[PDB]
Amino acid sequence: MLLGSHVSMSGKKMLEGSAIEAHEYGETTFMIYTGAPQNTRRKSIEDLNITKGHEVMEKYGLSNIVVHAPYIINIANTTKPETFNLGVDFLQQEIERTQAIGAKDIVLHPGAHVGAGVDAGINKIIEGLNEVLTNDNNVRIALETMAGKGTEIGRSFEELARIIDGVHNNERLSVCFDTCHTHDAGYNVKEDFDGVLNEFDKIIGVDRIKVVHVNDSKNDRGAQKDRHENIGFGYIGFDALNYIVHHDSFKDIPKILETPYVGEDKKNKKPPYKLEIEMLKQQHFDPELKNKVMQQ
Ligand SMILES: [Cl-]
Ligand SMILES: [Cl-]
Ligand SMILES: [Fe+3]
Ligand SMILES: [Fe+3]
Ligand SMILES: [Zn+2]
């Protein structure tokens, strides 16, 4: 079972710290941003501490890690050239970092059209991806299924397929399947997941899902709000999420929790990943999970 969470990529330890944290939570895989999630400032590859991180990963049996590009990248923006241009440059540099880290996929939010419309946004994403995938590296870009909040592109499998069809080196593209996003966009992953996967298989191909994000939601299906909830405490629920985590179609695909910290106030928030992973390995909902995390 490849099951983990996002973990920190920070400090002098960088990737060594990410592997230590993943082991602390009982993880077998993990996902990192290569720096701050909300900006493009990055350290040199030497300072990412990769050699030491890999030794820790081999020590603790960690594999199949995932990189996530900062969520401020928007190569769908047709009216902010500096934003488009920066995203293109950043992603070319992120591919080089990820090749060094040893990840196979970079998760990327397709982008937001910010008023220009889906068609204009999708054409811009295709242009940007065609500028990025001119390296002959092997790293893939995993387009993330999106919730449909605001002007987000990627809220439907059809939008992803249009991006994929426009890209020249589209064999370098994959998909990251996020259970909260698909649910908030309107797909019935709670009660008809196999039906959702059948639709995905028709339109894209389930073999192209190279990362799964495992998140409950604070809102019911189709709310398009994108507010994650702890496993089993939201509108998707434990039975549905547990079914997805252990699903045969996702065998040997890293499954990555992005659930929220638990706490009384913002100064006492604690990570839930250790106990959510225990709960999912047991396949038994623990209604006390939040009370346990809040006092770990
Ligand atoms: Cl697995
Ligand atoms: Cl933007
Ligand atoms: Fe994401
Ligand atoms: Fe996600
Ligand atoms: Zn989200």
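Positions of Cβ are generated from backbone atoms using ideal geometry, with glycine treated the same way; all protein chains shown enter the neighbour counts. None of the figures in this text is laboratory data; all of them are computed from the coordinates on show.
With respect to being in contact with a strand residue (DSSP E or B) (Cβ under 7 Å, 6 or more places away or on another chain) and either away from ligand 1 (no atom under 16 Å from the Cβ) or of a type in the set (A, V, I, L, M, F, W, C) (or both), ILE73 fits the description. Look at region 163-186: where a residue is farther than 21 Å from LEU91 by Cβ and a partner is within 16 Å of ligand 1 (Cβ to nearest atom) and assigned to a helix (DSSP H, G or I), sitting 6+ places away or on another chain with Cβ atoms under 7 Å, you get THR179/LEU241; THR179/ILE244.
Suppose the filter is away from ligand 2 (no atom under 16 Å from the Cβ), among the charged types (D, E, K, R) and in contact (Cβ under 8 Å) with a residue 24 or more places away in the chain; does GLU24 pass it? So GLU24 passes the test.
Under the condition of being surrounded by fewer than 16 Cβ atoms within 10 Å (Cβ to Cβ), assigned to a loop (DSSP other than H, G, I, E, B) and within 16 Å of ligand 1 (Cβ to nearest atom), the residues counted in region 248-265 number 2.
Among the conditions (1) in contact (Cβ under 8 Å) with a residue 40 or more places away in the chain; (2) surrounded by 22 or more Cβ atoms within 10 Å (Cβ to Cβ); (3) in contact with a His (Cβ under 9 Å, 6 or more places away or on another chain), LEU143 misses just one, which is (1). In region 46-72, the residue that is nearest to ligand 5 (Cβ to nearest atom) out of those that are touching a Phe, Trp or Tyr at 6+ places or on another chain (Cβ under 7 Å) and in contact (Cβ under 8 Å) with a residue 60 or more places away in the chain is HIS68. Among residues of region 252-268 that are over 11 Å from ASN64 (Cα atoms), those with a Cβ under 7 angstrom from a residue that is β-branched (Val, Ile, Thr) and away from ligand 1 (no atom under 16 Å from the Cβ), sequence gap 6+ or separate chain, pair up as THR259/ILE231; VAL262/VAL293.
All conditions in (1) more than 23 Å from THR179 (Cα to Cα); (2) in contact with a helix residue (DSSP H, G or I) (Cβ under 8 Å, 6 or more places away or on another chain); (3) within 16 Å of ligand 3 (Cβ to nearest atom); (4) free of Cβ contacts under 8 Å to residues at least 40 places away in the same chain hold for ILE75, with the sole exception of (4).
Scanning region 222-247 for residues that are outside any loop (DSSP other than H, G, I, E, B), out of contact with any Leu (no Cβ under 8 Å at 6 or more places or on another chain) and of a type in the set (A, V, I, L, M) yields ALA240, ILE244.
Among the residues of region 17-60, those identified as of a type outside the set (A, V, I, L, M, F, W, C), within 28 Å of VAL293 (Cβ to Cβ) and touching an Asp or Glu at 6+ places or on another chain (Cβ under 8 Å) are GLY26, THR34, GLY53. Exactly one residue out of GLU94, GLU82, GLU21 is acidic (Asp, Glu) and more than 30 Å from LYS124 (Cβ to Cβ): that is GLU21.
Residues checked against (1) within 16 Å of ligand 5 (Cβ to nearest atom); (2) farther than 17 Å from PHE200 by Cβ:
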| site | (1), (2) |
| --- | --- |
| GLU127 | no, yes |
| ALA142 | yes, no |
| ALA161 | no, no |
| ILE164 | no, no |
| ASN170 | no, no |
| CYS176 | yes, no |
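Here's the yes/no breakdown for (1) buried (at least 17 other Cβ atoms within 10 Å of the Cβ); (2) among the aromatic types (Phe, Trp, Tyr); (3) touching a strand residue (DSSP E or B) at 6+ places or on another chain (Cβ under 7 Å):
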{"site": "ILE204", "(1), (2), (3)": "yes, no, yes"}
{"site": "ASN219", "(1), (2), (3)": "yes, no, no"}
{"site": "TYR235", "(1), (2), (3)": "yes, yes, yes"}
{"site": "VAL293", "(1), (2), (3)": "yes, no, yes"}
